[PDB]
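See below for the structure under consideration.
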Amino acid sequence: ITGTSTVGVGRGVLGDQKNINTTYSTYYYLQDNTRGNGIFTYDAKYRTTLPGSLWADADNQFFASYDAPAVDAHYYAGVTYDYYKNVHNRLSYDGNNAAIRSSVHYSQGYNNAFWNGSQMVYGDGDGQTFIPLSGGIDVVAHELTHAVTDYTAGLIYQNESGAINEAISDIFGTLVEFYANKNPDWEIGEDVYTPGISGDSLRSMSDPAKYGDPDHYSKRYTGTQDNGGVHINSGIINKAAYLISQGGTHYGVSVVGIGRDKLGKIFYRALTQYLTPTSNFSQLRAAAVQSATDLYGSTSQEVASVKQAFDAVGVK
Ligand SMILES: [Ca+2]
Ligand SMILES: [Ca+2]
Ligand SMILES: [Ca+2]
Ligand SMILES: [Ca+2]
Ligand SMILES: [Zn+2]
């Protein structure tokens with residue numbers, strides 16, 4: 001909408017106060033004009049018709065319980081935009097400052113979030129498996145990263161290419177969580193998963209097997225559930241990424257860690273310069289090796305560590 005840029009204040013899903021960029025035109029709308037061609041947050045009103053209505057508020061204060069998922073979807077989309085722009089020189093998901101749109105309060109009891117080809121969508125959860133999923137910064141960045149993937153490598157959402165697609169979203173979701181630097185970890189979704197159980201998460205990158213996901217190619221899932229295991233076999237790539245950054249010895253193979261920033265540079269370059277819609281795990285290894293060679297040189301520790309990490313998870 002046309003209006004003037006304003007700054008509201010509200011509380012997110014976890015009860016924390018934050019400022020949010022809004023737009024005033026009769027109402028105050030969740031429309032942040034400070035980033036690209038805007039970040040826009042919509043109310044789906046417990047229905048499944050998208051996007052719903054651009055979020056309107058009478059007083060620019062967003063402290064109601066119903067407001068909390070919108071505050072966080074809007075704010076964390078801004079953090080994710082900032083990460084891509086400041087760290088990777090990428091302007092929104094398409095590289096051309098496309099408007100970023102999210103809807104919250106999608107459906108009833110909906111235990112998921114997704115990119116639908118055009119926008120982000122967040123359930124409220126059922127209060128048992130999830131609370132409203134935009135409360136997780138890694139979740140928000142996971143969803144926006146699907147849009148980045150779709151505009152770049154275009155990884156098809158099935159089998160190995162789909163597991164790479166998933167791992168890319170978990171990797172950058174985690175790197176955005178570290179960028180914001182509030183309780184960062186290598187776990188996925190811990191801030192919104194299972195409110196009655198402490199210390200768990202939906203997936204772990206440091207130890208995928210903790211939640212039944214493979215940590216070695218020999219343990220890959222080859223059935224048809226979950227689009228051929230896209231959220232399962234992602235554990236193999238997530239583990240490799242964790243090892244590249246943090247190091248470790250895994251199935252007897254030692255990896256020298258090179259840190260998060262270099263991990264992000266290598267995988268961003270792989271995603272945007274080398275991967276294709278049909279890339280498999282072996283082709284990802286090659287893309288990561290070439291990316292690290294471009295950035296750091298063929299004789300670098302960074303290249304050697306990429307090779308070590310893929311060896312450790314059984315990907316040649
Ligand atoms: Ca209000
Ligand atoms: Ca965390
Ligand atoms: Ca996390
Ligand atoms: Ca929990
Ligand atoms: Zn995903």
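In the structure tokens, the first chain shown is A, the next is B, and so on; residue numbers restart at 1 for each chain, and ligands run from 1 in the order shown.
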* To do: Do a neighbour search on residue 216 (chain A) at 10 Å with only C-alpha atoms, toss out local chain neighbours closer than 2 positions, and write the hits as an MDAnalysis selection string.
  => chainID A and resid 208:209 213:214 218:220 233 235:237 239:240 250:251 310:315
* **Nearby residues, ligand 4, 7 Å, only C-alpha atoms and all ligand atoms, as a PyMOL selection string** => chain A and resi 190+192-201
Just the selected residues (N, CA, C and O atoms), exported as a PDB file, in the first residue's frame, please.
ATOM      1  N   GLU A 190      14.116 -25.752  17.251  1.00  0.00           N
ATOM      2  CA  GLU A 190      14.023 -25.954  18.695  1.00  0.00           C
ATOM      3  C   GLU A 190      13.169 -24.898  19.393  1.00  0.00           C
ATOM      4  O   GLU A 190      12.584 -25.192  20.440  1.00  0.00           O
ATOM      5  N   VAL A 192      10.353 -23.550  18.536  1.00  0.00           N
ATOM      6  CA  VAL A 192       8.916 -23.693  18.332  1.00  0.00           C
ATOM      7  C   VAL A 192       8.439 -25.130  18.409  1.00  0.00           C
ATOM      8  O   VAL A 192       7.241 -25.365  18.335  1.00  0.00           O
ATOM      9  N   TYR A 193       9.340 -26.093  18.604  1.00  0.00           N
ATOM     10  CA  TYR A 193       9.005 -27.509  18.595  1.00  0.00           C
ATOM     11  C   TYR A 193       8.709 -27.979  20.010  1.00  0.00           C
ATOM     12  O   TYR A 193       9.442 -27.660  20.947  1.00  0.00           O
ATOM     13  N   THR A 194       7.647 -28.774  20.148  1.00  0.00           N
ATOM     14  CA  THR A 194       7.287 -29.481  21.388  1.00  0.00           C
ATOM     15  C   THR A 194       7.456 -28.625  22.640  1.00  0.00           C
ATOM     16  O   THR A 194       8.389 -28.833  23.426  1.00  0.00           O
ATOM     17  N   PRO A 195       6.548 -27.684  22.887  1.00  0.00           N
ATOM     18  CA  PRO A 195       6.682 -26.841  24.086  1.00  0.00           C
ATOM     19  C   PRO A 195       6.721 -27.619  25.388  1.00  0.00           C
ATOM     20  O   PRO A 195       7.295 -27.129  26.373  1.00  0.00           O
ATOM     21  N   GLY A 196       6.174 -28.825  25.431  1.00  0.00           N
ATOM     22  CA  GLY A 196       6.221 -29.570  26.668  1.00  0.00           C
ATOM     23  C   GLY A 196       7.465 -30.407  26.872  1.00  0.00           C
ATOM     24  O   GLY A 196       7.573 -31.071  27.904  1.00  0.00           O
ATOM     25  N   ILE A 197       8.395 -30.412  25.922  1.00  0.00           N
ATOM     26  CA  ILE A 197       9.629 -31.190  26.007  1.00  0.00           C
ATOM     27  C   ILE A 197      10.815 -30.246  25.812  1.00  0.00           C
ATOM     28  O   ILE A 197      10.971 -29.641  24.744  1.00  0.00           O
ATOM     29  N   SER A 198      11.681 -30.158  26.803  1.00  0.00           N
ATOM     30  CA  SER A 198      12.857 -29.307  26.708  1.00  0.00           C
ATOM     31  C   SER A 198      14.005 -30.046  26.028  1.00  0.00           C
ATOM     32  O   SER A 198      14.146 -31.264  26.150  1.00  0.00           O
ATOM     33  N   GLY A 199      14.827 -29.301  25.301  1.00  0.00           N
ATOM     34  CA  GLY A 199      16.096 -29.833  24.856  1.00  0.00           C
ATOM     35  C   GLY A 199      16.064 -30.616  23.568  1.00  0.00           C
ATOM     36  O   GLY A 199      17.115 -31.141  23.162  1.00  0.00           O
ATOM     37  N   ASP A 200      14.921 -30.678  22.891  1.00  0.00           N
ATOM     38  CA  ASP A 200      14.774 -31.417  21.650  1.00  0.00           C
ATOM     39  C   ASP A 200      14.615 -30.446  20.483  1.00  0.00           C
ATOM     40  O   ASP A 200      14.632 -29.221  20.636  1.00  0.00           O
ATOM     41  N   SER A 201      14.497 -31.006  19.284  1.00  0.00           N
ATOM     42  CA  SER A 201      14.359 -30.218  18.069  1.00  0.00           C
ATOM     43  C   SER A 201      13.794 -31.136  16.997  1.00  0.00           C
ATOM     44  O   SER A 201      13.676 -32.351  17.183  1.00  0.00           O
TER      45      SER A 201
END
* Name the closest residue to residue 30 (chain A) among the candidates A:57, A:212, A:10, A:46; distances are taken between atoms, counting only C-alpha atoms. => A:57
* Asked: From the set A:270, A:163, A:288, A:303, which residue has the shortest atom-to-atom contact distance to residue 255 (chain A), counting only C-alpha atoms?
  -> A:303
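The space separating CA of residue 202 (chain A) from CA of residue 120 (chain A) comes to 19.1 Å.
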Give one line per residue of chain A that approaches ligand 3 to at most 12 Å, naming the two atoms of the closest pair and their distance in Å to one decimal, counting only C-alpha atoms and all ligand atoms; sort by chain then ascending residue number and deliver it as CSV.
residue,atom,partner,partner_atom_place_in_ligand_line,distance
A:135,CA,ligand 3,1 (Ca),11.1
A:136,CA,ligand 3,1 (Ca),7.6
A:137,CA,ligand 3,1 (Ca),7.6
A:138,CA,ligand 3,1 (Ca),5.4
A:139,CA,ligand 3,1 (Ca),8.1
A:140,CA,ligand 3,1 (Ca),10.8
A:141,CA,ligand 3,1 (Ca),10.4
A:142,CA,ligand 3,1 (Ca),10.3
A:169,CA,ligand 3,1 (Ca),11.9
A:170,CA,ligand 3,1 (Ca),8.8
A:171,CA,ligand 3,1 (Ca),9.9
A:172,CA,ligand 3,1 (Ca),10.6
A:173,CA,ligand 3,1 (Ca),7.6
A:174,CA,ligand 3,1 (Ca),5.8
A:175,CA,ligand 3,1 (Ca),9.1
A:176,CA,ligand 3,1 (Ca),9.3
A:177,CA,ligand 3,1 (Ca),6.4
A:178,CA,ligand 3,1 (Ca),8.6
A:179,CA,ligand 3,1 (Ca),11.6
A:180,CA,ligand 3,1 (Ca),11.2
A:181,CA,ligand 3,1 (Ca),10.6
A:182,CA,ligand 3,1 (Ca),9.7
A:183,CA,ligand 3,1 (Ca),8.0
A:184,CA,ligand 3,1 (Ca),6.0
A:185,CA,ligand 3,1 (Ca),5.0
A:186,CA,ligand 3,1 (Ca),5.6
A:187,CA,ligand 3,1 (Ca),4.3
A:188,CA,ligand 3,1 (Ca),4.3
A:189,CA,ligand 3,1 (Ca),5.5
A:190,CA,ligand 3,1 (Ca),5.8
A:191,CA,ligand 3,1 (Ca),7.2
A:192,CA,ligand 3,1 (Ca),9.8
A:193,CA,ligand 3,1 (Ca),10.5
A:199,CA,ligand 3,1 (Ca),11.3
A:200,CA,ligand 3,1 (Ca),10.4
A:201,CA,ligand 3,1 (Ca),8.0
A:202,CA,ligand 3,1 (Ca),9.4
A:203,CA,ligand 3,1 (Ca),9.0
A:204,CA,ligand 3,1 (Ca),8.5
A:205,CA,ligand 3,1 (Ca),9.3
A:206,CA,ligand 3,1 (Ca),10.9
Considering only C-alpha atoms and all ligand atoms, give me a table of residues in chain A that are at most 10 Å from ligand 5, with the closest atom pair and distance in Å for each, as a Markdown table.
| residue | atom | partner | partner_atom_place_in_ligand_line | distance |
| --- | --- | --- | --- | --- |
| A:112 | CA | ligand 5 | 1 (Zn) | 9.7 |
| A:113 | CA | ligand 5 | 1 (Zn) | 8.2 |
| A:114 | CA | ligand 5 | 1 (Zn) | 6.8 |
| A:115 | CA | ligand 5 | 1 (Zn) | 8.1 |
| A:139 | CA | ligand 5 | 1 (Zn) | 8.6 |
| A:141 | CA | ligand 5 | 1 (Zn) | 9.9 |
| A:142 | CA | ligand 5 | 1 (Zn) | 6.2 |
| A:143 | CA | ligand 5 | 1 (Zn) | 6.3 |
| A:144 | CA | ligand 5 | 1 (Zn) | 9.4 |
| A:145 | CA | ligand 5 | 1 (Zn) | 8.4 |
| A:146 | CA | ligand 5 | 1 (Zn) | 6.6 |
| A:157 | CA | ligand 5 | 1 (Zn) | 9.4 |
| A:162 | CA | ligand 5 | 1 (Zn) | 9.2 |
| A:163 | CA | ligand 5 | 1 (Zn) | 9.1 |
| A:165 | CA | ligand 5 | 1 (Zn) | 7.4 |
| A:166 | CA | ligand 5 | 1 (Zn) | 4.9 |
| A:167 | CA | ligand 5 | 1 (Zn) | 8.0 |
| A:168 | CA | ligand 5 | 1 (Zn) | 8.6 |
| A:169 | CA | ligand 5 | 1 (Zn) | 5.9 |
| A:170 | CA | ligand 5 | 1 (Zn) | 7.4 |
| A:173 | CA | ligand 5 | 1 (Zn) | 9.8 |
| A:230 | CA | ligand 5 | 1 (Zn) | 8.4 |
| A:231 | CA | ligand 5 | 1 (Zn) | 7.4 |
| A:234 | CA | ligand 5 | 1 (Zn) | 9.8 |
* Considering only C-alpha atoms, return as a ChimeraX atom specification whatever protein or nucleic-acid residues lie within 12 Å of residue 34 (chain A), sequence-local ones (same chain, fewer than 5 positions apart) excluded. => /A:4-7,20-23,39-40,75,78-79,81-82,97,99
Can I get the selected residues back with N, CA and C atoms, as a tab-separated table (two decimals), in the first residue's frame?
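Generated output (out_16.tsv):
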chain	number	residue	atom	x	y	z
A	4	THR	N	3.26	6.06	4.55
A	4	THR	CA	4.54	6.54	5.07
A	4	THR	C	5.13	5.49	6.00
A	5	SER	N	6.44	5.35	5.95
A	5	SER	CA	7.13	4.35	6.77
A	5	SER	C	7.11	4.74	8.23
A	6	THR	N	6.79	3.76	9.08
A	6	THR	CA	6.61	3.95	10.50
A	6	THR	C	7.32	2.81	11.23
A	7	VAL	N	7.42	2.94	12.56
A	7	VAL	CA	8.08	1.94	13.40
A	7	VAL	C	7.12	1.59	14.52
A	20	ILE	N	9.23	-3.19	14.78
A	20	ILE	CA	8.91	-3.67	13.44
A	20	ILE	C	8.63	-2.50	12.52
A	21	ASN	N	9.10	-2.62	11.28
A	21	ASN	CA	8.88	-1.61	10.26
A	21	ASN	C	7.47	-1.77	9.70
A	22	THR	N	6.68	-0.71	9.78
A	22	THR	CA	5.29	-0.72	9.34
A	22	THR	C	5.07	0.41	8.34
A	23	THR	N	3.85	0.50	7.81
A	23	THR	CA	3.45	1.57	6.90
A	23	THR	C	2.11	2.11	7.36
A	39	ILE	N	8.77	-5.91	2.52
A	39	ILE	CA	8.40	-7.14	3.20
A	39	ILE	C	6.98	-6.94	3.70
A	40	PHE	N	6.11	-7.88	3.35
A	40	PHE	CA	4.67	-7.75	3.56
A	40	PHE	C	4.20	-8.99	4.31
A	75	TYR	N	9.50	-9.70	11.32
A	75	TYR	CA	10.83	-9.32	11.82
A	75	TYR	C	11.91	-10.28	11.32
A	78	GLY	N	12.93	-9.85	7.82
A	78	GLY	CA	13.89	-8.76	7.72
A	78	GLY	C	15.30	-9.18	8.05
A	79	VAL	N	15.47	-9.99	9.11
A	79	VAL	CA	16.81	-10.46	9.46
A	79	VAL	C	17.37	-11.31	8.32
A	81	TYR	N	16.57	-11.24	5.07
A	81	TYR	CA	16.93	-10.32	4.00
A	81	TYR	C	18.30	-9.70	4.26
A	82	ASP	N	18.51	-9.23	5.49
A	82	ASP	CA	19.77	-8.59	5.85
A	82	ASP	C	20.93	-9.56	5.71
A	97	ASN	N	15.54	-7.82	-5.60
A	97	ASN	CA	14.71	-7.17	-4.58
A	97	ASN	C	13.22	-7.47	-4.72
A	99	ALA	N	9.59	-8.36	-3.74
A	99	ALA	CA	8.84	-8.23	-2.50
A	99	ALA	C	8.74	-9.59	-1.81
* To do: Pull the strand (DSSP E) assignments for region 45-220 of chain A out of DSSP run on the backbone, and list those residues as a ChimeraX atom specification.
  => /A:53-54,56-57,61-62,100-106,113-115,120-123,187-188,203-204
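Of the residues under consideration (A:127, A:257, A:51, A:8), A:8 shows the shortest atom-to-atom contact distance to ligand 1 when counting only C-alpha atoms and all ligand atoms.
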* Could you please extract the residues within 8 Å of ligand 1, counting only C-alpha atoms and all ligand atoms, and hand them back as a list in words? => residues 57, 58, 59, 60, 61, 62, 63 and 64 of chain A
How about saving the chosen residues, C-alpha atoms kept, as a PDB file, in the first residue's frame?
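Output below, filename again.pdb:
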ATOM      1  CA  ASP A  57      -3.488  -2.668  13.067  1.00  0.00           C
ATOM      2  CA  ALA A  58      -5.146   0.451  14.489  1.00  0.00           C
ATOM      3  CA  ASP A  59      -2.367   1.717  16.798  1.00  0.00           C
ATOM      4  CA  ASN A  60       1.053   0.354  15.679  1.00  0.00           C
ATOM      5  CA  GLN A  61       1.347  -1.727  18.887  1.00  0.00           C
ATOM      6  CA  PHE A  62       1.427  -5.489  18.389  1.00  0.00           C
ATOM      7  CA  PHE A  63       1.179  -7.042  21.884  1.00  0.00           C
ATOM      8  CA  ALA A  64      -1.929  -9.209  21.454  1.00  0.00           C
TER       9      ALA A  64
END
* To do: Enumerate, as number ranges by chain, the complete set of residues in region 47-136 of chain A that a backbone-based DSSP assignment places in alpha helix (DSSP H).
  => A: 68-88
* For CA of residue 111 (chain A) and CA of residue 56 (chain A), quote the distance in Å rounded to one decimal. => 25.0 Å
* To do: Pick out the residues sitting within 10 Å of residue 249 (chain A), and hand them over as a PyMOL selection string; count only C-alpha atoms, and ignore anything fewer than 4 positions along from it in its own chain.
  => chain A and resi 243+253-256+308-309+312
The selected residues should be written to file as a tab-separated table (two decimals), in the first residue's frame (atoms: C-alpha atoms).
chain	number	residue	atom	x	y	z
A	243	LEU	CA	31.82	-30.95	9.94
A	253	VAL	CA	37.47	-39.71	9.37
A	254	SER	CA	38.92	-36.50	10.79
A	255	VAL	CA	37.76	-33.11	9.49
A	256	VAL	CA	39.52	-29.83	10.27
A	308	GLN	CA	37.34	-34.70	4.38
A	309	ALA	CA	33.75	-33.86	5.32
A	312	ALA	CA	33.28	-38.71	6.47
* Which residue out of A:131, A:13, A:121, A:148 has the minimum interatomic distance to residue 96 (chain A) when only C-alpha atoms are used? -> A:148
* Asked: Between A:164, A:275, A:147, A:266, which one has atoms that come closest to residue 293 (chain A), using only C-alpha atoms?
  -> A:266
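CA of residue 283 (chain A) lies 18.2 Å from CA of residue 295 (chain A).
Each of A:27, A:130, A:268, A:66 was compared to residue 44 (chain A) using only C-alpha atoms, and A:66 turns out to be the nearest.
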